[PDB]
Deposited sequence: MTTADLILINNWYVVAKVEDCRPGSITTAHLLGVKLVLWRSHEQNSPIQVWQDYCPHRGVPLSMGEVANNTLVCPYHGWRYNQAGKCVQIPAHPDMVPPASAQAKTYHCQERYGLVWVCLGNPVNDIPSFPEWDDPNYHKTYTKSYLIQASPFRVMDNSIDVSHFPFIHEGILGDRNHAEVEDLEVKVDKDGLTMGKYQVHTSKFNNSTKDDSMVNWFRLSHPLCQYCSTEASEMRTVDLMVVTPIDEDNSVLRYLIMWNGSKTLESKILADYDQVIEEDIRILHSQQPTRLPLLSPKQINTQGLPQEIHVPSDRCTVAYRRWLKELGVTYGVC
């Protein structure tokens, strides 16, 4: 169990990539305070089973075992658990039907966009949409996993912030001179939080090429995933940022990036995101308190006109009833 809210437990979250889960493999992960085991059978096109990493016999992690004959086997006594989590065999008592109590705690898992989505509760919410996934004109790439020692909601608040661009992202996403921020259009509606189109000022790098005027916008249907859309000179680049809430104070950041330009741009896209993500991590790791402060009437946070979309985020979290990872 956990101290997490039901609004959060009943949502889907990315815990891995499908390319990390090979046939016959055992992977560990952490979601909302719970340790997880992700396993597949040696069959090809095998389903991924996401359970709690715990054998109920003597408390040994099931992730220390082996996958054999479509069963996850515990290392201590060799209890064999089927795809539904039911012990189907106890080697010490091979003719005995295992007790019904011998059951692993199983969760909902679904693959989409090459990502493993998990729901610890009742899947009542839907997986965010990524329209360009099935567009053959768009190429796909994934960033590596980033472990961040900061609240899941502080990480998302940062990626909603845009006024920091000319300071901690100078040279990639901002100009320390064009640092004034225009009035921002931010909607709160049925589709979630939308930052409307807005101009990103980037520093010239190629003096031969024309200014890469970038227009960006983003939408949040889920509070820990953000769909971002950028149209520059000759390329539209969309991304799906996904935050794995490890606990109230820890988070994993992953991005699926899709672009309509030359596949040869993959290396540059991945390296440019690395720079921005690590410049953002430096601030996230220093922020206090570690949990995102919600609104109220250490001193309270101060909000200026340019914080419109981040004030609306903190408001959305109070409406959703979020108390985990926030203060």
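Residues of the deposited sequence lacking C-alpha coordinates, counted from 1, fall in a single stretch, 298-304.
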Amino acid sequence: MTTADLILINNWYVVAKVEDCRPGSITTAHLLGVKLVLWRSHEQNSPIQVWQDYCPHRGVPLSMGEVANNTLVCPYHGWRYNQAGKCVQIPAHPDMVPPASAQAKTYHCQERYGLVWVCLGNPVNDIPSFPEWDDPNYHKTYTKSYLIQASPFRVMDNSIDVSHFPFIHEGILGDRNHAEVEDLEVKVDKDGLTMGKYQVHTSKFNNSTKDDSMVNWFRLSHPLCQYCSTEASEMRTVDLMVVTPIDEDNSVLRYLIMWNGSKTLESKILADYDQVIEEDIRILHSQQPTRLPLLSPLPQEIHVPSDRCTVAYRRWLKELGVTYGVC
From here on, numbers count along this sequence of modelled residues.
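Basically, rigid core = biggest C-alpha set you can superpose within 1.5 Å across the two forms.
Superposition on the core shows that, in 4 other deposited structures of this protein, the C-alpha atoms drift more in one of 223-231 and 123-131; this is 123-131. Rigid core superposition in 4 other deposited structures of this protein puts the Cα atoms of one stretch, out of 100-108 and 175-183, farther from the shown form on average, and that stretch is 175-183. Omission of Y146 is seen in none of the other entries compared for this protein where the adjacent residues are built, far below a third. In the other compared entries of this protein that model both flanking residues, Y113 has coordinates in every one, well short of a third left out. Per the PDB record, of the two stretches 254-262 and 31-39, 254-262 carries the greater mean B-factor over its C-alpha atoms.
Stretches 244-252 and 128-136 differ in mean CA B factor, with 128-136 having the higher one. Of the candidates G121, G174, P223, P94, the PDB record gives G174 the highest C-alpha temperature factor. Of all the options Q52, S267, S296, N69, the entry's greatest CA B-factor is assigned to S296. Remark: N206 belongs to the highest third of its chain, ranked by C-alpha B-factor as recorded. When all modelled residues of the chain are sorted by CA temperature factor, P99 is found within the middle third. Sort the modelled residues of the chain by CA B factor and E234 lands in the highest third. For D157, the recorded CA B-factor ranks within the lowest third of the chain. Only modelled residues enter the ranking. Looking at the C-alpha B-factors along this chain, the one for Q300 belongs to the highest third.
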